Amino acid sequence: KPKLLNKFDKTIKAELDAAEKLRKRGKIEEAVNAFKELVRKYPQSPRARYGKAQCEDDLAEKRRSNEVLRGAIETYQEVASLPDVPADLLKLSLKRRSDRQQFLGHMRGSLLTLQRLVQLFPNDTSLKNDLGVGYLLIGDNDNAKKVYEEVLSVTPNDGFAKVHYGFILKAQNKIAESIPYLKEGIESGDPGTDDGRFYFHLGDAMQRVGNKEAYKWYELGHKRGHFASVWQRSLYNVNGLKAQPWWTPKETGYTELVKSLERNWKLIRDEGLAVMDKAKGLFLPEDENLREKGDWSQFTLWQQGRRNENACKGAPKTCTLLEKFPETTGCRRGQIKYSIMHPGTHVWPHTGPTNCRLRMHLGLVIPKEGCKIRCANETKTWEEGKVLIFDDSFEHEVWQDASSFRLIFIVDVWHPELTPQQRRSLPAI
């Protein structure tokens, strides 16, 4: 199907196939040297150069080496600089270049490569779709939105562009507008639309506007393998971990941490109140679009397992206390933070990103009425000096209808069934 040989390369097809057979047989090192000799002898052959790049690519996989992959990325580029490169080969080479640049985190490099692909193949819709993903991966949602708008103006029923356009609209809090794009896109069944992110946000968008069909999409996301259950919808998971909305201290095994929080709760409270009174700018407004209404801010001491040194200058005794518990200070998928919430606040039903953490709440200033938290089908209240523990990968929701402020201390711990190996290896969130 793919024509990769130009006029000259057809005349050396026997040497090219001999080298490629070595690669497909798994003799990566012999294949590299074979293609290297072909590149030496035929420096202008695009197929020889692509063979070298693919062998370097395979070798980087065998050796798990970023440096070898950086070589391959350069050789895929060399292919594109040679004369008389067939169009199928040019596209294959730069597509892989971009994909491998993304694998290494060279999102700026991938973007330049994707922009070149679109310039070279201005009628290939899938490449424009890939360019939009390049922008999403660097956080440039404004340019990503423009790309999918251009795609949909030409091919209005492209499902990949629909689900990605809907994702962007929802991230901008255009909730009602996002629903038909996410739904139509998923329903298209096009490649790339059967993705847990789109079921997740479609159901959540529907929940926010009061569309009772939301749980039909959660139900179908569950049946298609994206969600462990309809209630537990996190997407960065280790399968097999015990799944319960609410946990006791003894069930977690972290009984010493809980005792320390409960015995020393007043020093934790007083440092939080001192920050409220003398350094309130350390409390930052919630910024993940999780409120329907109201005021909610957090003062973070640890995130991704890293201590915030300036923040700890505002709660030095609390930071000193917590240092004895690596189950939380080293939880690279959680945080340690104060959270203040004021009356008139409603936090939308939502889910955290990962099932690899459990979340402890210590009550610090709790009005006697008006504050409550639901996780799954059970609602609870806080108590001053007491710890609640829940799995925030389950859907949960919060209300604050008191007549004064509510302050809690939030401490994330690794899920207790994670091994030390997993705790060291999982990527941070």
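A residue's number is simply how far along the shown sequence it sits, counting from 1.
A.B. asks: Quick one: say whether 374-382 or 359-367 has the higher mean Cα B-factor in the deposited entry.
C.D. replies: Taking the mean B-factor of the alpha carbons in each, 374-382 is higher.
A.B. asks: Per the PDB record, is the mean Cα temperature factor higher over 349-357 or over 155-163?
C.D. replies: Between 155-163 and 349-357, it is 155-163.
A.B. asks: Name the one of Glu78, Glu251, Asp270, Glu286 with the greatest CA B-factor according to the PDB entry.
C.D. replies: Across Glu78, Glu251, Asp270, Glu286, the entry lists the biggest C-alpha B-factor for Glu251.
A.B. asks: Highest Cα B-factor in the deposition, which of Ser339, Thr328, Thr320, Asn211?
C.D. replies: Highest CA B-factor of the listed options: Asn211.
A.B. asks: Divide the modelled residues of the chain into thirds by Cα B-factor and specify which third, lowest, middle or highest, holds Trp296.
C.D. replies: Lowest third - that is where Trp296 ends up once the chain's C-alpha B-factors are sorted.
A.B. asks: Among all modelled residues of this chain, ranked by Cα B factor, put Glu56 in the bottom, middle or top third, i.e. lowest, middle or highest.
C.D. replies: Its C-alpha B-factor belongs to the middle third of this chain's values.
A.B. asks: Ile389: which third of its chain by C-alpha temperature factor?
C.D. replies: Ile389: CA B-factor falls in the lowest third of its chain.
A.B. asks: Check where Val230 lands among this chain's C-alpha B-factors and tell me if it's the lowest, middle or highest third.
C.D. replies: Within its chain, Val230 is a highest-third residue by C-alpha B-factor, going by the deposited values.
A.B. asks: Taking only the Cα B-factors deposited for this chain, tell me whether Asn33 sits in the lowest, middle or highest third.
C.D. replies: Highest third, going by the recorded CA B-factors of the chain.
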